[PDB]
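Taking it in order: structure first as structure tokens, then the write-up.
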Amino acid sequence: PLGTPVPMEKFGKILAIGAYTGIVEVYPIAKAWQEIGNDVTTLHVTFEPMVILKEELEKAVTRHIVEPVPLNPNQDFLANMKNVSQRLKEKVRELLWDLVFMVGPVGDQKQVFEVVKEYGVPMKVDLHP
Amino acid sequence: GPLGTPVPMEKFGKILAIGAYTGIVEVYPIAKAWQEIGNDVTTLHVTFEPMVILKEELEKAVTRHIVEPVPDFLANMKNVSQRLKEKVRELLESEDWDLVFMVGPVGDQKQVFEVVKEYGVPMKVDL
Amino acid sequence: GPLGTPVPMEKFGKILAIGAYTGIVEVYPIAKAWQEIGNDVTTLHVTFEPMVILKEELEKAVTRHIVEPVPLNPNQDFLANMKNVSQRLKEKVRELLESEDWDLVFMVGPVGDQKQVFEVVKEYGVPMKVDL
Amino acid sequence: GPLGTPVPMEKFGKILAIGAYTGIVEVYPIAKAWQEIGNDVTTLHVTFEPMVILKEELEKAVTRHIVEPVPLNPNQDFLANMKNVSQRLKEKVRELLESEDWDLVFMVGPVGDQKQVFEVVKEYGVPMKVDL
Amino acid sequence: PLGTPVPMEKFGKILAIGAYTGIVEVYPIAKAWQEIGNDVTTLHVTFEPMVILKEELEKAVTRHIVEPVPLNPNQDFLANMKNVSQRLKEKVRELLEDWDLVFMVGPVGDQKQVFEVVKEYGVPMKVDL
Amino acid sequence: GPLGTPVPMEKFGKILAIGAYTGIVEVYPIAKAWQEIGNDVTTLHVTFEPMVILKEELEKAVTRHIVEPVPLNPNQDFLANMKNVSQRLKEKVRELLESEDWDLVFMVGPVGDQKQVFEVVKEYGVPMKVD
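Protein chains in written order, with the deposited numbering: chain E, 89 to 184, 189 to 221; chain F, 88 to 158, 164 to 219; chain B, 88 to 219; chain A, 88 to 219; chain C, 89 to 184, 187 to 219; chain D, 88 to 218.
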């Protein structure tokens, strides 16, 4: 099982999105795209106590945005995941590019896809072969 | 648009549907379907204690649903990882399986794959 | 070895699962699953009269199971007989589409009949998906 | 729209192009081409007696075209009649792989049947490809 | 590791394009398509001293066009290629009679340049793999 | 539209990025990236003498860049000339896979040559991804 195989081309301005643990797999990809000549900005949207690699890719890409959401021990997890789904859709909307990549749970990908859909900019989803 | 992991609907036999963290959400319908088609699937959700979800749902959808809740975020992940390896090992160790499907972070699949591989059991990851 | 057509398990909505000839065997479990997940699938089996199979099985698995048996005319070569199944089957999908709305059309059958069924469904914007 | 099984055009050598039921239609052009490119392909059509088709066409397109017509008993459920085709298929494929050598084998038919043949083929260390 | 797997159907008039060594892999494909009933015309665009299989596919398809470009040894290869990349777009535009399917096997770069030109005429094109 | 070979960005370790003829153009960025991510990649360009390209570029992008230029012989024609490149390919690949260990080998070139190199890499048990 390998990370999402992706093409190494100069797409231009790229928005590398990483939901939850997905940011780990996006780090190297974003890093590479930047090194090849792309102006990529990564976005990590997870729970407050789960932010990771913030420093690493902050030095690897042009701009690294972290949107930490409070892990509410009150409501149930399904509710909490719905907040991330919210923050996630919001951010991507204001941010709006030549390409947008993302690796997170299918549910959040579809949600972000419906967004990016309204602006023509192509998107790439994760793939583990 | 993007869709869940496309998977074949056949009678593989005994299947271990593994879901790490949020991945369990995507596995629920798949497991549910496989069970409905005639498979004897057992789902395994390995996440952090305050993140268990759909426990009730698939508990009624499959034959057996195992939840392994785990109490910086880096060492925390290695725990979820160890428990995931440990747990999966015992499964393949205390009974036979036909197919092992998992959806979760690549790192975790790369490791889970290693253990399952040791038993000659075919695996399928979220493609 | 070769596995059945890998397909996503999502709630597409109303799905038309088409099975030409022996293809219906492979579609049975798929349709069954989609229905179980929350889809309103209707299967369509178009084969020769003496080849209808699994009629009872998926009749209980999905909301509606349509069987369109076409006679194997003994006074005609298989090429003709064959072209007849294509015909009927094409009249059926068109009849289905132009009478009810759908979200997805999945069909597993001979490449020949797939290109035909598609020539129609594309006329209604409904997305289609075949085997692999 | 839907296209036939995309396949590479190389000189594999001796190829056994298998077509079960209506699948032979899709294999005809493929076999024809492989032969034209320099391959020594032999096609095998295993269907029901009253369903043999294109026999003359590919008989002129490839080196050897084998037709194995199975009796279609309209008085048995199709599940039975299908077993026969299955059996015959495993028989002839075994009989062929037992006698002569082969560099490649390609098939296009029901998934269930592709599994059966495959398991046999894999016994004689010869690579195989199936439709997609 | 096999040649580009391609469908054997009667698309109609097909333009089989082969850049540089790519023509070797296209030869059998074109040959086959023609044999199946297609009216394919192959195009080989390479450097003058690299034309190959000219006679072979000249007999296999309806029309085989060879566009040889000179090799200037007083500049880097990136430049010489540009000429080849120019002849490509200049020839594909010319041929764009009425076609049903265009197929090409050659350096990715040119595959994109030929794509923009063809995309213009709403003609289906398939690359290699 | 058409894009370069999509490839995973992981730390495989020591990687041999092979580029035959014009294929080296497409491999350059891939190798460059893999190196940047933490891989110890060595690129190999095997083409005709008057076709070497990007030599300077990836020489600075990866740990080691090997160029094996094969002279043209206007007598053998372009048939035995290519097969003359398939020779250098197999041989160099054989020296590398034999004098060193590699975690993965990647190549982008004419399928014909991809098969050759493959039959060679299979012998030494090394994974290999194609374009």
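Just so you know, even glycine gets a beta-carbon here, dropped at the ideal spot from N, CA and C.
Beta-carbon proximity list for residue i, same chain, < 8 Å, skipping 5 on both sides
| i | result |
| --- | --- |
| residue 203 of chain E | 173, 176, 177 |
| residue 190 of chain B | 99, 100, 101, 102, 213, 214 |
| residue 139 of chain A | 132, 154, 156 |
| residue 115 of chain C | 106, 130, 141, 144, 145, 148 |
Rounded separation between residue i and residue j - CA only
| i | j | result |
| --- | --- | --- |
| residue 127 of chain D | residue 195 of chain D | 18 Å |
| residue 89 of chain B | residue 205 of chain A | 8 Å |
| residue 119 of chain D | residue 94 of chain D | 13 Å |
| residue 165 of chain C | residue 117 of chain E | 30 Å |
| residue 137 of chain F | residue 209 of chain A | 49 Å |
| residue 218 of chain A | residue 218 of chain C | 19 Å |
| residue 220 of chain E | residue 162 of chain E | 35 Å |
| residue 186 of chain F | residue 186 of chain D | 44 Å |
Cβ shell of residue i (< 7 Å), same chain only, five flanking positions each side left out
| i | result |
| --- | --- |
| residue 124 of chain A | 96, 98 |
Cβ-based neighbour list, residue i, same chain, cut-off 6 Å, excluding 5 preceding and 5 following
| i | result |
| --- | --- |
| residue 184 of chain D | 211 |
| residue 207 of chain F | 177, 180, 181 |
| residue 158 of chain B | 136 |
| residue 160 of chain B | 168 |
| residue 216 of chain E | 193 |
| residue 134 of chain B | 108 |
DSSP bridge partner residues for residue i (one or two, in chain order)
| i | result |
| --- | --- |
| residue 127 of chain B | B:101 |
| residue 154 of chain D | D:132 |
| residue 191 of chain F | F:102 |
| residue 185 of chain B | B:187 |
| residue 215 of chain E | E:192 |
| residue 94 of chain F | B:94 |
| residue 120 of chain F | Answer is none; residue 120 of chain F lacks a bridge partner. |
| residue 107 of chain C | C:133 |
Beta-carbon separation (whole angstroms), residue i vs residue j, contact threshold 8 Å
| i | j | result |
| --- | --- | --- |
| residue 107 of chain D | residue 188 of chain D | Their Cβ separation, rounded to whole angstroms, is 23 Å, which puts residue 107 of chain D and residue 188 of chain D out of contact at 8 Å. |
| residue 170 of chain F | residue 152 of chain F | Their Cβ separation, rounded to whole angstroms, is 25 Å, which puts residue 170 of chain F and residue 152 of chain F out of contact at 8 Å. |
| residue 122 of chain C | residue 150 of chain C | 7 Å |
| residue 192 of chain B | residue 105 of chain B | 7 Å |
| residue 145 of chain D | residue 129 of chain D | Incorrect: roughly 10 Å between the Cβ atoms, too far for contact. |
Partners in chain H for residue i, counting only beta-carbon separations shorter than 7 Å
| i | result |
| --- | --- |
| residue 140 of chain D | You won't find chain H in this structure, because its protein chains are E, F, B, A, C and D. |
(request) State whether the region 106-113 of chain E contacts the region 109-118 of chain D, with contact taken as three or more CB pairs (one from each stretch) at a distance under 8 Å. (result) no
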